[PDB]
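Notes for the one structure printed next.
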Amino acid sequence: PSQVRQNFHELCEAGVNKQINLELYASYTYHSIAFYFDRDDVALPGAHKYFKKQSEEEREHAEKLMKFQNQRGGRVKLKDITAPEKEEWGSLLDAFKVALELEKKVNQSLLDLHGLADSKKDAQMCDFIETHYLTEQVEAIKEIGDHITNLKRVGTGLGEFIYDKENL
Amino acid sequence: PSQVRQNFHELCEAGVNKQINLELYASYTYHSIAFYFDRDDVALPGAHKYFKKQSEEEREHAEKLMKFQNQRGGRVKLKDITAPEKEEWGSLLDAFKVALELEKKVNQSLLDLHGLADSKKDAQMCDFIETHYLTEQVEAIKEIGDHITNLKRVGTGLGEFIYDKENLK
Amino acid sequence: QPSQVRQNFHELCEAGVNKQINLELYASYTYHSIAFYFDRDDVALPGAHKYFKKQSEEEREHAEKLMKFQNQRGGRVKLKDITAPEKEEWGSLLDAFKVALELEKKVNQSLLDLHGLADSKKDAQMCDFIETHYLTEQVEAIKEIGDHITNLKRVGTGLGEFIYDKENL
Amino acid sequence: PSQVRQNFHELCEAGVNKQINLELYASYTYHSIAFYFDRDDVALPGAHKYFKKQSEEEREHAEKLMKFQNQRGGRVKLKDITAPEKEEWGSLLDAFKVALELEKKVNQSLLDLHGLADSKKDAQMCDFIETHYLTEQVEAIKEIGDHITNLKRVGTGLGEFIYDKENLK
Amino acid sequence: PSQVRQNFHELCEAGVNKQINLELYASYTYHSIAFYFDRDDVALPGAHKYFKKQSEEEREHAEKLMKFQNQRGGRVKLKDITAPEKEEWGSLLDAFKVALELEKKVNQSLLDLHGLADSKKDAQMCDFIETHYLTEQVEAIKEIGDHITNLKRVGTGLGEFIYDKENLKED
Amino acid sequence: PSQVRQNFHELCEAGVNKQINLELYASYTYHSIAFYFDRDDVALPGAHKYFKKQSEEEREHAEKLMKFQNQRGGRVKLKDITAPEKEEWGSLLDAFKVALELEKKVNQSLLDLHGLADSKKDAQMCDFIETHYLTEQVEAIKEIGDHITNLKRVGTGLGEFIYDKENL
Ligand SMILES: [Mg+2]
Ligand SMILES: [Mg+2]
Ligand SMILES: [Mg+2]
Ligand SMILES: [Mg+2]
Ligand SMILES: [Mg+2]
Ligand SMILES: [Mg+2]
Ligand SMILES: [Mg+2]
Ligand SMILES: [Mg+2]
Ligand SMILES: [Mg+2]
């Protein structure tokens, strides 16, 4: 056992390792969407920059968790990062619709992980997930909700280009 | 009778407390409108910022009447603030139409208050109403009128998003 | 149909938020009242006037923050009338700060009741939100008041109330 | 009971008073280590500066708890601060081995104190420990484990001198 | 067929997508090495900073080929990103040995991809790999070569600490 | 042993260690008086700040004697830091009355140590405590003297509050 390890269940160590995969998976999906909007047949430069930053924030959510593993004295176990479920993401609206599902999936995965923290009475692991993840997820989902509502209000023609140029 | 009271009738004093309530009611209604546009299924952040400023300005309107009351020797009496008329405020144009009837409602209240002050030969209350409320209210009604005219020019859909970003931010 | 953002947010919790925003605004309304009582010519404590105005506004932002929370999680903001304050005449500075200790303890307990509901329905984020923005700010507000109450007891009734107002408010 | 006391069990107060002593014992222990490295036969100036700072950072932890005791309306009870368990601390590696055993004892005291807090539905007190202590202890234990790993790597003689100059100042 | 596409063979398009995967594999491997050094039993914060950096440069190598794939009107195609060969990377010298082998592997695929571009008379694709990839990889291999020679010269204990603080925690 | 040791008596080492405990004792006592003024039913924030400043200055008095012990080549020996004599320190005037007596006890202790150093012809040790301790103690006792006088002058109620703002 690590010299720093105290109050850190091997089941919670496994839990964290499953999260860093989900986040890296999320990161990799935003990256696909990012470079899909750089396509000459799509040409939406604001979505390219927005989803590239969304991808970089998840490599960070993963790093922070990788950081948390070493802090608590766990051992980081990587698995393959699965390819995104799509190659063509359709409209700007379709892309945010995929974003909302991805974020809900990740939120739940953290809510279950937090569940597993409370269960084995890991007050610090809980704080860590409350403080860096749970409110940042709620913020992220509202933002995506707002984007969906505004992409529906704008049409699919002129409004898409304007929303791309102004709100991303 | 307050040591400061001079040429300040008790129906006028009653009249100021009725106005104070109308300002808090308007504030509350604009508070409602401001947070309806923060909803994920509405999401007009311009309208959010705008109606929040309008609510803070009606509280300042109430506060100046609260202050005025104390200046004249009167005594501030607070009633309940009635909840806004609706939960769901509809489109941007629907929200600004409510705002117009509201401001005409409080404008009419102020003009009646002026009339009362004037029948009781209270010059300084007339000046106070003239100076801080009546021109404020005409400007505020002309502003709302323009927003309505513009919200009808721009359509629903894209029109609502452009006007939100360009004219409320 | 639920809001497209709504996840892990029980309707008891939603209904909970809506109840706390009213209490927040009830408390804002009461502090406003204490505010302008100190602005009266026959009370004339301009420190206390400033202190309570600032207090009224902070609670409007506490409700304003809970309206943001409501919309973030997919809940729907529902306003009731804001009850009028319990008193017109708030007495001495010490009396006013005693009403503030009663009021902040009701509001703290209302939040601690709301957290427990949060915890009941395994709503981790709502618990963090009430812990982060409300529970520590309440404990700081109540201690400040106790200190004020103590210090208002230590100084006299007369000269002492003037100095405390000038100096600590 | 203090005029500010609300949802603060007298076992949570007793618990808070046990932790101020543990922080002061750790503070005192780091103070001995500090001045052991200032001895002409140890002469390690980085460790001296480091462990003085570690001692100063406790006492602040003791103070933040004495501070919270008063916030909640509890009553600070000061027991003897027990002498360090040694005069002679040995190597720089030997000192960080003691720090690791000390910080875990401290951590386990804080986790125990949190569970007692959770047991008596003291949401704010849990939030206090979570915010100010639980994360701090973890960062602190990781830092001490890194130090231990690093002083085994360079190992005795020049490696001790360099680790003192480069990684402690 | 893409409105911009001109003088871009479907096997070349196929080759670019194979490099983006190798570059994302390298980024992931350097990502794993990075956090190994942040373990409390490895505690080498210089190597952690340094491999953290080398990993982000590989996601940038991938992004430039993604960016290029789009410019030529080819379509980006994402395979799974294979988990790294190990969790126990060993010594600072061991990690730099795994890096000289990972970097000679990427360079050879890059040299084959250029060969293919030349084969298909794609001057621009060739120039593009010459400009952003070929001398960067040579520069990257020379730098790792020097690290290995230096990790060899310094000790296993104290030498590993100094070299971390001096040549990697700075850089 | 000690390669730096010269003209330093084993009773002088012992006296220094005895003085370090007295200074840490005073620090603890000022500490208690600190947070006693931080109570919601006492609430004198001036006194709180003043006594926190005095607790730190004594730990400093302790640290400088620890520093002196090592300079002369003696060995620091720590004992338990005795807990304060009271929990409830009463009035602002009560707390300064306690300060004076603590300061005089600590001063007489220094004057005994100086005497002991003089008896052993430790010229540097006498100057050390003359330079950093004996005059500082006289300045501290007289400051407390002024405080006691002024607290009697201001009296019990308002004057407590006014002296706490204006003069601490
Ligand atoms: Mg994420
Ligand atoms: Mg108005
Ligand atoms: Mg005029
Ligand atoms: Mg509040
Ligand atoms: Mg501590
Ligand atoms: Mg918590
Ligand atoms: Mg590369
Ligand atoms: Mg002293
Ligand atoms: Mg002399």
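We label chains A, B, ... in the order they appear in the structure tokens, count residues from 1 in each chain, and number ligands from 1 in the order shown.
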
LSQ fit chain F -> chain A, C-alpha in sequence order, output as a short mmCIF file (atom, residue, chain, number, x, y, z; two decimals) with C-alpha atoms, in the first residue's frame:
```cif
data_model
loop_
_atom_site.label_atom_id
_atom_site.label_comp_id
_atom_site.auth_asym_id
_atom_site.auth_seq_id
_atom_site.Cartn_x
_atom_site.Cartn_y
_atom_site.Cartn_z
CA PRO F 1 1.04 -0.32 -0.16
CA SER F 2 1.14 3.53 -0.79
CA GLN F 3 2.58 5.62 2.09
CA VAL F 4 0.03 8.39 1.41
CA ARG F 5 -2.98 6.04 1.37
CA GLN F 6 -5.71 6.56 4.02
CA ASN F 7 -9.54 6.01 3.94
CA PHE F 8 -9.47 5.27 0.16
CA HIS F 9 -11.48 2.17 -0.96
CA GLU F 10 -10.14 -0.11 -3.81
CA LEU F 11 -13.60 0.33 -5.59
CA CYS F 12 -13.08 4.17 -5.40
CA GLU F 13 -9.61 3.86 -7.09
CA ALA F 14 -11.44 1.66 -9.70
CA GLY F 15 -14.31 4.21 -10.16
CA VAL F 16 -11.76 7.10 -10.62
CA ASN F 17 -9.99 5.07 -13.41
CA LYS F 18 -13.48 4.34 -14.93
CA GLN F 19 -14.25 8.14 -14.84
CA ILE F 20 -10.85 9.09 -16.43
CA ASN F 21 -11.76 6.97 -19.55
CA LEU F 22 -15.21 8.64 -19.77
CA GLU F 23 -13.58 12.13 -19.72
CA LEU F 24 -10.99 11.14 -22.38
CA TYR F 25 -13.95 9.65 -24.38
CA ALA F 26 -15.78 13.03 -24.26
CA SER F 27 -12.53 14.90 -25.23
CA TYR F 28 -12.16 12.65 -28.36
CA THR F 29 -15.89 13.17 -29.22
CA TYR F 30 -15.64 17.03 -28.94
CA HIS F 31 -12.34 16.72 -30.94
CA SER F 32 -14.14 14.94 -33.89
CA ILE F 33 -17.04 17.52 -33.74
CA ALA F 34 -14.23 20.17 -33.77
CA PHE F 35 -12.67 19.30 -37.14
CA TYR F 36 -16.09 18.30 -38.63
CA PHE F 37 -16.99 22.05 -38.41
CA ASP F 38 -13.50 22.74 -40.00
CA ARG F 39 -14.60 20.89 -43.20
CA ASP F 40 -14.93 23.05 -46.38
CA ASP F 41 -18.54 21.70 -46.89
CA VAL F 42 -19.48 22.56 -43.23
CA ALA F 43 -17.23 25.66 -42.57
CA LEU F 44 -18.54 26.96 -39.21
CA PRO F 45 -15.35 28.41 -37.63
CA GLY F 46 -17.15 29.47 -34.38
CA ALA F 47 -18.29 25.87 -33.61
CA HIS F 48 -14.74 24.64 -34.58
CA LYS F 49 -13.22 26.96 -31.93
CA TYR F 50 -16.01 26.20 -29.35
CA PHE F 51 -15.68 22.34 -29.56
CA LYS F 52 -11.82 22.48 -29.60
CA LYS F 53 -12.19 24.40 -26.26
CA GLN F 54 -14.50 21.65 -24.88
CA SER F 55 -12.14 18.80 -25.94
CA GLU F 56 -9.33 20.44 -23.96
CA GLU F 57 -11.50 21.10 -20.87
CA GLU F 58 -12.37 17.34 -20.67
CA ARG F 59 -8.71 16.26 -21.05
CA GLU F 60 -8.33 18.68 -18.12
CA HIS F 61 -11.20 16.95 -16.31
CA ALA F 62 -9.27 13.67 -17.00
CA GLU F 63 -5.87 15.11 -15.81
CA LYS F 64 -7.40 16.42 -12.50
CA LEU F 65 -8.80 12.91 -11.70
CA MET F 66 -5.36 11.38 -12.58
CA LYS F 67 -3.87 14.04 -10.16
CA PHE F 68 -6.53 13.07 -7.52
CA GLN F 69 -5.81 9.31 -8.04
CA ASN F 70 -2.08 9.90 -7.23
CA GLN F 71 -2.91 12.30 -4.29
CA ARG F 72 -4.98 9.59 -2.53
CA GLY F 73 -2.26 6.97 -3.44
CA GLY F 74 -4.34 4.91 -5.96
CA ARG F 75 -2.85 3.78 -9.33
CA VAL F 76 -4.03 5.21 -12.71
CA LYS F 77 -5.12 2.43 -15.13
CA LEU F 78 -5.76 3.67 -18.73
CA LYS F 79 -7.98 1.71 -21.21
CA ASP F 80 -8.48 2.28 -25.00
CA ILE F 81 -10.12 5.70 -25.72
CA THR F 82 -13.28 4.61 -27.63
CA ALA F 83 -13.66 6.40 -31.04
CA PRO F 84 -16.68 8.74 -31.46
CA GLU F 85 -20.13 7.23 -32.32
CA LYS F 86 -20.48 9.28 -35.63
CA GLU F 87 -18.16 10.92 -38.29
CA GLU F 88 -20.79 13.36 -39.71
CA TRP F 89 -22.39 15.30 -36.80
CA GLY F 90 -25.02 17.01 -39.03
CA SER F 91 -26.28 20.51 -38.08
CA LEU F 92 -24.99 22.90 -35.36
CA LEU F 93 -28.24 21.94 -33.51
CA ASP F 94 -27.49 18.17 -34.07
CA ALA F 95 -23.99 18.67 -32.47
CA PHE F 96 -25.42 20.44 -29.31
CA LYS F 97 -28.12 17.66 -29.00
CA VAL F 98 -25.14 15.15 -28.92
CA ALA F 99 -23.27 17.44 -26.42
CA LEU F 100 -26.27 17.44 -23.93
CA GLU F 101 -26.57 13.59 -23.95
CA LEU F 102 -22.77 13.13 -23.61
CA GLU F 103 -22.80 15.67 -20.72
CA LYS F 104 -25.74 13.92 -18.90
CA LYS F 105 -24.05 10.44 -19.32
CA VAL F 106 -20.81 11.95 -17.86
CA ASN F 107 -22.87 13.75 -15.11
CA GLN F 108 -24.78 10.55 -14.05
CA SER F 109 -21.39 8.72 -13.94
CA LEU F 110 -20.00 11.44 -11.50
CA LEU F 111 -23.26 11.18 -9.41
CA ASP F 112 -22.74 7.36 -9.18
CA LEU F 113 -19.02 7.85 -8.18
CA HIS F 114 -20.13 10.47 -5.54
CA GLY F 115 -22.71 7.90 -4.23
CA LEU F 116 -19.97 5.19 -4.10
CA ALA F 117 -17.65 7.62 -2.19
CA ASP F 118 -20.51 8.49 0.24
CA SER F 119 -21.22 4.73 0.77
CA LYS F 120 -17.51 4.24 1.89
CA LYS F 121 -17.48 7.47 4.06
CA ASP F 122 -14.74 9.04 1.83
CA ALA F 123 -15.54 12.64 2.98
CA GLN F 124 -12.61 14.25 1.01
CA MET F 125 -13.44 12.34 -2.22
CA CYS F 126 -17.10 13.57 -2.05
CA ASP F 127 -15.95 17.24 -1.56
CA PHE F 128 -13.32 16.78 -4.35
CA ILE F 129 -16.08 15.83 -6.90
CA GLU F 130 -18.68 18.29 -5.38
CA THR F 131 -16.02 21.10 -5.63
CA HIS F 132 -14.53 20.47 -9.14
CA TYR F 133 -17.15 18.30 -11.03
CA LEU F 134 -20.83 18.30 -9.91
CA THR F 135 -21.49 22.14 -10.20
CA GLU F 136 -19.27 22.49 -13.34
CA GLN F 137 -21.49 19.73 -14.95
CA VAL F 138 -24.71 21.63 -13.98
CA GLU F 139 -23.21 24.89 -15.49
CA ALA F 140 -22.16 22.99 -18.68
CA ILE F 141 -25.58 21.20 -19.19
CA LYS F 142 -27.48 24.55 -18.76
CA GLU F 143 -25.07 26.35 -21.22
CA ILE F 144 -25.88 23.56 -23.81
CA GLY F 145 -29.59 23.88 -22.85
CA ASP F 146 -29.45 27.62 -23.79
CA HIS F 147 -27.52 26.72 -27.04
CA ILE F 148 -30.13 24.11 -28.15
CA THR F 149 -32.98 26.62 -27.45
CA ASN F 150 -31.27 29.47 -29.40
CA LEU F 151 -30.36 27.12 -32.34
CA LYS F 152 -34.08 26.17 -32.72
CA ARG F 153 -34.89 29.98 -32.49
CA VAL F 154 -32.35 31.12 -35.19
CA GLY F 155 -33.39 28.21 -37.46
CA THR F 156 -31.66 26.43 -40.31
CA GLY F 157 -29.95 28.84 -42.78
CA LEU F 158 -28.60 32.39 -42.07
CA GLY F 159 -29.38 31.88 -38.30
CA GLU F 160 -26.84 28.98 -38.18
CA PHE F 161 -24.13 31.36 -39.59
CA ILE F 162 -25.21 34.33 -37.39
CA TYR F 163 -25.25 32.25 -34.12
CA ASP F 164 -21.83 30.72 -35.06
CA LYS F 165 -20.21 34.26 -35.32
CA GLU F 166 -22.10 36.14 -32.54
CA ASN F 167 -22.41 33.46 -29.78
CA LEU F 168 -19.59 30.84 -30.28
#
```

Spatial neighbours of residue B:137, 9 Å, only C-alpha atoms, chain gap at least 6 places, as JSON, numbers by chain = {"B": [103, 104, 106, 107]}

Neighbours of residue D:17 within 8 Å (only C-alpha atoms; same-chain residues fewer than 3 positions away dropped), as a ChimeraX atom specification?
-> /D:13-14,20-21,66,76-78

Return as a PyMOL selection string the full set of residues in chain E whose backbone-based DSSP assignment is helix (DSSP H, G or I).
-> chain E and resi 10-37+45-72+92-119+123-153+158-168

So that I have them on file, write out the residues from the current selection with C-alpha atoms, as a compact mmCIF listing (two decimals), in the first residue's frame.
```
# COMPACT_ATOMS: atom_id res chain seq x y z
CA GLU E 10 -7.35 8.40 -51.83
CA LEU E 11 -4.37 6.35 -50.42
CA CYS E 12 -2.67 9.68 -49.33
CA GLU E 13 -5.96 10.69 -47.57
CA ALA E 14 -5.86 7.13 -46.10
CA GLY E 15 -2.25 7.71 -44.93
CA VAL E 16 -2.94 11.05 -43.16
CA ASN E 17 -5.69 9.40 -41.04
CA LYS E 18 -3.15 6.69 -40.00
CA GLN E 19 -0.69 9.36 -38.75
CA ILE E 20 -3.39 11.19 -36.74
CA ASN E 21 -3.96 7.90 -34.85
CA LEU E 22 -0.23 7.27 -34.27
CA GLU E 23 0.17 10.88 -33.04
CA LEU E 24 -2.81 10.46 -30.67
CA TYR E 25 -1.26 7.14 -29.48
CA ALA E 26 2.03 8.88 -28.77
CA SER E 27 0.18 11.68 -26.97
CA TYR E 28 -1.59 9.05 -24.84
CA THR E 29 1.67 7.14 -24.06
CA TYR E 30 3.46 10.43 -23.05
CA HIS E 31 0.27 11.23 -21.04
CA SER E 32 0.70 7.90 -19.09
CA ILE E 33 4.51 8.43 -18.58
CA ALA E 34 3.79 12.02 -17.33
CA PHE E 35 1.40 10.89 -14.51
CA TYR E 36 3.62 7.89 -13.63
CA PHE E 37 6.28 10.48 -12.55
CA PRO E 45 8.00 16.73 -10.94
CA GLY E 46 10.36 17.86 -13.78
CA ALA E 47 9.67 14.66 -15.83
CA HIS E 48 5.91 15.15 -15.05
CA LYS E 49 6.04 18.76 -16.47
CA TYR E 50 8.20 17.56 -19.43
CA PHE E 51 6.06 14.51 -20.57
CA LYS E 52 2.82 16.52 -19.92
CA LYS E 53 4.33 18.97 -22.54
CA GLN E 54 5.52 16.24 -25.02
CA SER E 55 1.97 14.71 -24.91
CA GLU E 56 0.19 18.01 -25.79
CA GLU E 57 2.57 18.48 -28.74
CA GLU E 58 1.38 15.14 -30.15
CA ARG E 59 -2.29 16.15 -29.91
CA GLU E 60 -1.08 19.26 -31.80
CA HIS E 61 0.75 17.05 -34.39
CA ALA E 62 -2.60 15.15 -34.83
CA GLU E 63 -4.56 18.48 -35.06
CA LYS E 64 -2.20 19.78 -37.82
CA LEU E 65 -2.83 16.58 -39.92
CA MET E 66 -6.60 16.85 -39.16
CA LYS E 67 -6.31 20.56 -40.27
CA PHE E 68 -4.37 19.40 -43.44
CA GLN E 69 -6.89 16.55 -44.16
CA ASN E 70 -9.63 19.25 -44.35
CA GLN E 71 -7.54 21.74 -46.47
CA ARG E 72 -7.07 19.06 -49.22
CA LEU E 92 13.79 8.37 -15.93
CA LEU E 93 16.32 6.55 -18.24
CA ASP E 94 13.77 3.75 -19.03
CA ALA E 95 11.06 6.37 -19.99
CA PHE E 96 13.48 8.18 -22.41
CA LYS E 97 14.38 4.72 -23.90
CA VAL E 98 10.59 4.07 -24.52
CA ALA E 99 10.48 7.63 -26.07
CA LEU E 100 13.42 7.12 -28.53
CA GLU E 101 11.64 3.91 -29.73
CA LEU E 102 8.18 5.66 -29.92
CA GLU E 103 9.75 8.63 -31.85
CA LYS E 104 11.76 6.45 -34.36
CA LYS E 105 8.39 4.61 -34.97
CA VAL E 106 6.46 7.90 -35.73
CA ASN E 107 9.39 9.20 -37.89
CA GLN E 108 9.41 5.96 -40.03
CA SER E 109 5.59 6.19 -40.62
CA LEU E 110 6.11 9.92 -41.51
CA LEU E 111 8.97 8.92 -43.94
CA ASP E 112 6.68 6.22 -45.54
CA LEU E 113 3.76 8.77 -45.83
CA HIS E 114 6.17 11.22 -47.63
CA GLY E 115 7.35 8.37 -49.92
CA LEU E 116 3.62 7.80 -50.81
CA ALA E 117 3.09 11.60 -51.46
CA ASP E 118 6.23 11.56 -53.72
CA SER E 119 4.87 8.35 -55.46
CA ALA E 123 4.45 18.27 -54.19
CA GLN E 124 2.28 20.19 -51.60
CA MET E 125 1.60 17.18 -49.28
CA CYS E 126 5.38 16.43 -49.51
CA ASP E 127 6.37 20.08 -48.72
CA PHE E 128 3.81 20.04 -45.83
CA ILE E 129 5.45 16.91 -44.21
CA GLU E 130 9.00 18.30 -44.97
CA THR E 131 8.05 21.66 -43.27
CA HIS E 132 6.09 20.72 -40.09
CA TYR E 133 7.10 17.03 -39.45
CA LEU E 134 10.47 15.77 -40.89
CA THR E 135 12.98 18.16 -39.17
CA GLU E 136 10.74 18.39 -36.00
CA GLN E 137 11.07 14.52 -35.69
CA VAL E 138 14.90 14.71 -36.33
CA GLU E 139 15.08 17.56 -33.70
CA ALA E 140 12.89 15.43 -31.33
CA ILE E 141 15.13 12.29 -31.76
CA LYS E 142 18.42 14.28 -31.28
CA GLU E 143 16.97 15.84 -28.04
CA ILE E 144 15.95 12.34 -26.68
CA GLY E 145 19.39 10.94 -27.72
CA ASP E 146 21.12 13.64 -25.55
CA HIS E 147 18.72 13.00 -22.59
CA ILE E 148 19.57 9.23 -22.69
CA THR E 149 23.36 9.98 -22.89
CA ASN E 150 22.92 12.38 -19.92
CA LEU E 151 20.63 10.10 -17.84
CA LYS E 152 23.41 7.45 -18.43
CA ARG E 153 26.28 9.79 -17.26
CA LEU E 158 21.18 11.76 -6.79
CA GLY E 159 21.85 12.05 -10.60
CA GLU E 160 18.13 11.30 -11.36
CA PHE E 161 17.07 14.09 -8.92
CA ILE E 162 19.48 16.82 -10.26
CA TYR E 163 18.71 15.96 -13.96
CA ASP E 164 14.95 16.17 -13.15
CA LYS E 165 15.31 19.59 -11.38
CA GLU E 166 17.87 20.97 -13.94
CA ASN E 167 17.17 19.66 -17.52
CA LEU E 168 13.44 18.73 -17.40
```

Test item: residues at most 10 Å from residue C:137, only C-alpha atoms, excluding those fewer than 5 positions along its chain, as an mmCIF file with C-alpha atoms, in the first residue's frame:
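That gives us result.cif:
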```cif
data_model
loop_
_atom_site.group_PDB
_atom_site.id
_atom_site.type_symbol
_atom_site.label_atom_id
_atom_site.label_comp_id
_atom_site.auth_asym_id
_atom_site.auth_seq_id
_atom_site.Cartn_x
_atom_site.Cartn_y
_atom_site.Cartn_z
ATOM 1 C CA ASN C 108 -30.752 29.407 8.447
ATOM 2 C CA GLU C 131 -23.342 24.333 1.653
ATOM 3 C CA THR C 132 -21.192 26.610 -0.628
ATOM 4 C CA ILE C 142 -25.624 35.357 12.754
ATOM 5 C CA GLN D 124 -22.236 23.684 7.764
#
```

Within 7 Å of ligand 6, which residues show up when you count only C-alpha atoms and all ligand atoms? List them as a list in words, please.
-> residues 126 and 127 of chain A; 127 and 128 of chain C; 126, 127 and 130 of chain D

Report as a PyMOL selection string which protein, DNA and RNA residues come within 10 Å of ligand 5, using only C-alpha atoms and all ligand atoms.
-> chain D and resi 19-20+22-27+54-62+102-103+106-107+110+132-134+136-137+140

Export, as a compact mmCIF listing (two decimals), in the first residue's frame, the selected residues with C-alpha atoms.
```
# COMPACT_ATOMS: atom_id res chain seq x y z
CA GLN D 19 -8.64 19.25 17.35
CA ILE D 20 -7.23 22.70 18.48
CA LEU D 22 -3.91 18.28 18.09
CA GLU D 23 -3.06 21.20 15.79
CA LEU D 24 -1.07 22.88 18.61
CA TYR D 25 0.77 19.59 19.36
CA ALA D 26 1.68 19.27 15.65
CA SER D 27 2.68 23.00 15.63
CA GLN D 54 4.83 23.99 8.88
CA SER D 55 4.56 24.94 12.61
CA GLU D 56 3.20 28.40 11.69
CA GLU D 57 0.64 26.86 9.28
CA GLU D 58 -0.67 24.83 12.22
CA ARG D 59 -1.66 27.32 14.99
CA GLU D 60 -3.36 28.95 11.98
CA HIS D 61 -5.35 25.69 11.68
CA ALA D 62 -5.76 25.80 15.50
CA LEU D 102 1.80 13.03 12.33
CA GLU D 103 -0.30 14.27 9.31
CA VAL D 106 -4.22 14.61 12.24
CA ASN D 107 -6.17 13.55 9.08
CA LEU D 110 -10.41 15.38 11.11
CA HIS D 132 -10.58 24.17 5.06
CA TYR D 133 -9.10 20.79 6.30
CA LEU D 134 -9.96 17.60 4.28
CA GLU D 136 -5.45 20.56 2.77
CA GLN D 137 -4.48 17.29 4.62
CA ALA D 140 -0.02 17.95 2.61
```

Could you please extract the residues within 8 Å of ligand 4, counting only C-alpha atoms and all ligand atoms, and hand them back as a JSON list (two decimals) with N, CA, C and O atoms, in the first residue's frame?
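Result went into result30.json, see below:
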```json
[["chain", "number", "residue", "atom", "x", "y", "z"],
["C", 24, "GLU", "N", -36.34, 34.40, 1.57],
["C", 24, "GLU", "CA", -35.27, 35.35, 1.17],
["C", 24, "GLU", "C", -35.85, 36.75, 0.95],
["C", 24, "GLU", "O", -35.29, 37.73, 1.50],
["C", 27, "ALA", "N", -37.42, 38.46, 4.08],
["C", 27, "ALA", "CA", -36.30, 39.00, 4.89],
["C", 27, "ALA", "C", -35.77, 40.29, 4.27],
["C", 27, "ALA", "O", -35.54, 41.24, 5.04],
["C", 28, "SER", "N", -35.59, 40.34, 2.94],
["C", 28, "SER", "CA", -35.21, 41.57, 2.19],
["C", 28, "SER", "C", -36.22, 42.67, 2.51],
["C", 28, "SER", "O", -35.80, 43.78, 2.81],
["C", 58, "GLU", "N", -28.63, 42.30, -0.10],
["C", 58, "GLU", "CA", -27.93, 40.99, -0.06],
["C", 58, "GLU", "C", -28.94, 39.83, -0.09],
["C", 58, "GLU", "O", -28.64, 38.81, -0.69],
["C", 59, "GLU", "N", -30.09, 40.00, 0.54],
["C", 59, "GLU", "CA", -31.10, 38.92, 0.57],
["C", 59, "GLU", "C", -31.81, 38.85, -0.78],
["C", 59, "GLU", "O", -32.20, 37.75, -1.15],
["C", 60, "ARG", "N", -31.98, 39.98, -1.47],
["C", 60, "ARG", "CA", -32.61, 39.99, -2.81],
["C", 60, "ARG", "C", -31.71, 39.20, -3.75],
["C", 60, "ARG", "O", -32.22, 38.61, -4.68],
["C", 62, "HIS", "N", -29.73, 36.73, -2.63],
["C", 62, "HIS", "CA", -29.83, 35.33, -2.14],
["C", 62, "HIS", "C", -30.98, 34.61, -2.85],
["C", 62, "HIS", "O", -30.79, 33.45, -3.27],
["C", 63, "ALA", "N", -32.12, 35.28, -2.97],
["C", 63, "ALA", "CA", -33.30, 34.82, -3.73],
["C", 63, "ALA", "C", -32.95, 34.77, -5.22],
["C", 63, "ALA", "O", -33.29, 33.77, -5.88],
["C", 104, "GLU", "N", -32.64, 35.79, 10.87],
["C", 104, "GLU", "CA", -31.52, 35.05, 10.23],
["C", 104, "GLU", "C", -31.52, 33.60, 10.70],
["C", 104, "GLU", "O", -31.08, 32.72, 9.92],
["C", 107, "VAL", "N", -34.27, 31.78, 8.79],
["C", 107, "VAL", "CA", -33.78, 31.59, 7.39],
["C", 107, "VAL", "C", -32.72, 30.47, 7.36],
["C", 107, "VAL", "O", -32.77, 29.63, 6.44],
["C", 108, "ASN", "N", -31.78, 30.47, 8.31],
["C", 108, "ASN", "CA", -30.75, 29.41, 8.45],
["C", 108, "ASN", "C", -31.46, 28.05, 8.59],
["C", 108, "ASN", "O", -31.08, 27.09, 7.87],
["C", 134, "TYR", "N", -24.66, 29.41, 0.96],
["C", 134, "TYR", "CA", -25.70, 29.76, 1.97],
["C", 134, "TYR", "C", -25.27, 29.44, 3.41],
["C", 134, "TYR", "O", -25.34, 30.36, 4.25],
["C", 138, "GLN", "N", -24.61, 32.28, 6.31],
["C", 138, "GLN", "CA", -25.60, 32.35, 7.42],
["C", 138, "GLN", "C", -24.87, 32.37, 8.76],
["C", 138, "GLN", "O", -25.18, 33.25, 9.59]]
```

Enumerate as a ChimeraX atom specification the residues belonging to chain B that approach chain C to within 8 Å, with only C-alpha atoms taken into account.
-> /B:2-4,32,35-36,38-41,66-67,70-71,73,75-84,87

Proximal residues of chain C relative to chain F (only C-alpha atoms; 7 Å) as a ChimeraX atom specification | /C:143,146-147,150-151,154-156,160
